[PDB]
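Remarks on the structure that follows.
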Amino acid sequence: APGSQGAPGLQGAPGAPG
Amino acid sequence: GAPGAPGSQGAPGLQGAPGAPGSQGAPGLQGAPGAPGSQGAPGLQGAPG
């Protein structure tokens, strides 16, 4: 319980032809 | 002779008057190492982000 922490993260590369 | 030759005229004793009524040892401690003043083992709680 460090107050959770820095959690800046979500989806990566939705690239390709789409 | 005549009266008044007290053989054991004496007041032995009388030594002690009211001694210690307890001496109040261990009188006041309030040891109480610690107090109110909530602490939280965690950190950064109710806030992160």
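Values computed for the structure shown
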{"read-out": "Per-residue ³J(HN,Hα) for segment B:8-17, Karplus 6.51 cos²θ - 1.76 cosθ + 1.60, θ = phi - 60°, Hz, x for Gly and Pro", "value": "10, 3, x, 10, x, x, 6, 4, x, 9"}
{"read-out": "Inter-site label distance for B:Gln9 and B:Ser23 at 7 Å from Cα along Cβ, in nm", "value": "4.1 nm"}
{"read-out": "Radius of gyration and maximum dimension Dmax of the protein assembly as shown, Cα, Å", "value": "42.8, 149"}
{"read-out": "Principal axis box of chain B, alpha-carbon based, largest edge first, Å", "value": "117, 10, 5"}
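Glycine also receives a Cβ, built like all others from the backbone with ideal geometry; neighbour counts cover every protein chain displayed. The numbers here are math on the coordinates, done by the rules we state, and not lab data.
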